[PDB]
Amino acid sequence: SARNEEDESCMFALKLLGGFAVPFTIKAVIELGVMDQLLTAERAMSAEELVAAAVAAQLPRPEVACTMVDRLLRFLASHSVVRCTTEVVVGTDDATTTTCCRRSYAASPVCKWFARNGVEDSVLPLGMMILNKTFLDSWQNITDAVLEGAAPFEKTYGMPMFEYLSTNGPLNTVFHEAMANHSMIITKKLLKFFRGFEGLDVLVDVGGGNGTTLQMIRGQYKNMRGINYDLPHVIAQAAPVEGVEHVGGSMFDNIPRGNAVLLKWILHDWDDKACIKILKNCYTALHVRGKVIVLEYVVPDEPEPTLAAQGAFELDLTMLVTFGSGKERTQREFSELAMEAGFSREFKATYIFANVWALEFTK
């Protein structure tokens, strides 16, 4: 900047307004198959090489497609998402957006999180939900929804998100693969780092889906039995799981009895009154010394400008947009709810991965 500091203020303002460009560009680079080619490459590749390898079809305008991809990747290079090298061309190049010199690109480490295959410890499924147009369009109606005290999503589509999925099979698939992708990674990391399944006879997984989380947990605690508690329609679609009883119900009526209850990414959908109802049912269903295991992000007590804190408040806003009064909570807030619900002044927190903690409350 011309110093000024005024100039840098101005450019900073523009950066803030333009923060959508990176996500949308990475999505394009993924969809085009360019990202997968960067992830399987032995060396830096030009846009021309990356297009020829990603795309089988004959392209109507092959030179234009190549210079556009170059421009995509050059921008991602300025944000450190890919590495760029520039070399002089012996002649002239028709597939670069510069005609002295060719740029070649390689994946930065972070790009492994966008892989379509591998062992599928990627966040791509969750990424195509985050950048799904149907979900993104809600973010344009925040203002009106705040004024009405409503969820932006419901102001955009006229019903709650979970109801809307019922009318939209493709979005419903994107949503379920994202949730399953996330649950897969957290469950593996939970089994690596968390010790609070040891000694449990019966684990109730509230929102257990097809019961895969209980299966994977039981793979490690063979003597443990599980209750996959989920809505009657979700229970129905579930194949039998050795050691696991599938039970249908609403967590608002009742939760099955067990030594521990697992709530993964449940309470953040709901406001305090609903969360105190879920936790009171957790209470009545446990014996003394039984616990709730809450798998959730935890927002700091004050808005720190760190990578973790930003991530957390960003998930908060995603809950705002999605559900309105669903929210991300501090540890203190999780504690207050657990205490309102009758749980004791005995709190454990174990950091798992990607801002998810396992918080444990004891009856």
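Heads up: residue numbers just count along the shown sequence, starting at 1.
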| property | result |
| --- | --- |
| Greater mean Cα temperature factor according to the PDB record, 119-127 or 249-257 | 119-127 |
| Entry-level comparison of average CA B-factors, 262-270 and 237-245, reporting the higher stretch | 237-245 |
| Options 187, 220, 156, 104 - largest CA temperature factor per the record | 220 |
| Out of 282, 151, 165, 84, residue topping the C-alpha B-factor column of the entry | 165 |
| Residue 99 by Cα B-factor - lowest, middle or highest third of the modelled chain | highest |
| Ranked against its chain, the third holding the CA B-factor of residue 41 | highest |
| Position of residue 33 among the chain's modelled residues by C-alpha B-factor, lowest, middle or highest third | middle |
| Third of the chain, ranked by Cα B-factor, where residue 142 sits | lowest |
| Chain thirds of CA B-factor: placement of residue 176 | middle |
